Structures are given as structure tokens and as C-alpha cells.
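One chain comes next, on its own, written as C-alpha cells: the form deposited in one PDB entry.
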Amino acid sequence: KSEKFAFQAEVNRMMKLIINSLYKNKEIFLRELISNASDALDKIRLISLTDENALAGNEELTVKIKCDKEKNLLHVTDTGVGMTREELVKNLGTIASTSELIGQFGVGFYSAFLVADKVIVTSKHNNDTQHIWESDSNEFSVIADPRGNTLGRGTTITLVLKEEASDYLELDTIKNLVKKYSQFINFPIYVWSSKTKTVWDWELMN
């Protein structure tokens, strides 16, 4: 189980706070994830200033959100700097209204457990191979992605939604939320939506 890890005590306590104090406005997890994605794009953009190889694995700088209503999943993918394996283990397993306090203290990512029974973070960084981080909140593991490098560069956050969080699978909801929290993000944010013959394509939200 050299791939299995446990959470630092403080993180456990922190996840417990978010759940007990934000259960009346769970929709903020989308805000927090879109915000994280945006900070990630800012860093690769900052890296491309000095390193001229920074953007060779994925020239674009976007944020695409997809709804798999059949597998009960919600995907949020950015083409930011991404995270190395060691960063998945250290930065997600430890740390150094409360709606505003979370993003400021650096723990807004855990707001995802407000609507998910399981969170998965797939990531490719310019200096490592693609890896997968998974957790149901009672432990977590990190393994090399057997699919190889399918992201180029960036991160995908996958949420296996709670049955009560089923509404986050309907497009009308996500679009409303994506739009409401995409307002001040300096990057384009699309949503895989239907157009009704009935064809699917990326739809710009901001």
C-alpha cells in the first residue's frame, strides 16, 4: 500500500469544518474549483515568461467543464501548470460566513466533499508523468496513470456526486453557476453543452 496515504490530522479537522459550516451553500465548490484552475493557468503563464518550453505539451490555456449524467460524474479540466506526483501527495495531504475564509487560507479545494462521495485529481506537469489522486475523505492514494499522458499539461478534477448533488449534472444548473463564478477569471471557460439536430460542442461561458 505504498500508494496509500492517510490525511494529516489538521486536514481531517479542516474537511470537517467545511462540511459542518457550509452545508447550506454547497454550490461554492464550483467557485473554488474554477478559482483553483485559474491560479494554475496564471502560474504556467508566469513560467512561460522565462522558460520558453513551458507551453509545448498543450499550447492552449482553457478551462472546460463536462457533465457525464450517466456515470454520475462532473469534470473540471484546466490546461494550467499541473502538479507533479510529489505535489499531489504533499499539497493535498497536508496544509501550512466561512465561504470567503476558505479560499484565502488555501483549503477551498476540500469544499468539493460538500457534494462528492469521491474526488479524483488527474494531473500532468511538464516535469513528471501523469498521475492520479483519489479520495473518499477517509484516506487517499496516488498512482501513475495507466493511460499514460492524455492531458498534455494541466489538471482534471473529477467528482463522483452524492445522490443529493444530482442536480449538478443538469446543464441549466452548471451553466448558471459556471457563468456566475466565471465573471472575473481572465481565461476562457467552456461547458460541454447540447444544442437543440442535437449536436454537442464547447460553449463559451465568459
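Note that the rigid core is defined as the largest set of C-alphas that superpose within 1.5 Å between two forms. In this text, residue numbers run from 1 along the sequence as written.
- Where the other entries of this protein model the residues before and after it, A112 is kept in all of them rather than dropped from a third.
- Modelled in this chain, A96 is nonetheless absent from a third or more of the other compared entries whose models extend past it on both sides.
- According to the entry, the deposited sequence has 10 or more residues without coordinates between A96 and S97.
- For the two regions 118-126 and 102-110, the entry's Cα B-factors average higher over 102-110.
- According to the PDB record, 48-56 carries the higher mean C-alpha B-factor of the two stretches 61-69 and 48-56.
- Going by the entry's values, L171 shows the largest Cα B-factor out of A144, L171, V160, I28.
- Placement of the Cα temperature factor of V199 within the chain: highest third of the modelled residues, per the deposited record.
- The entry lists a Cα temperature factor for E32 that places it in the lowest third of the chain's modelled residues.
- The PDB entry assigns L177 a C-alpha temperature factor belonging to the middle third of its chain's modelled residues.
- For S38, the recorded CA temperature factor ranks within the middle third of the chain's modelled residues.
- The PDB entry assigns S166 a C-alpha temperature factor belonging to the highest third of its chain's modelled residues.
Just so it is clear, the following notes concern the form deposited in another entry, a form of the same protein that is not shown.
- Taking the rigid core as fixed, one finds a CA shift for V121 smaller than 2 Å between this form and the one not shown.
- Once the cores line up, the CA of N72 ends up less than 2 angstroms apart between this form and the one not shown.
- With the core superposed, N186 shows a C-alpha displacement below 2 Å between this form and the one not shown.
- Relative to this form, the distance between the C-alpha atoms of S21 and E32 is reduced by at least 3 angstroms in the other form.
- Compared with the form shown, the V11-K90 C-alpha separation increases in the other form, the change being 3 Å or greater.
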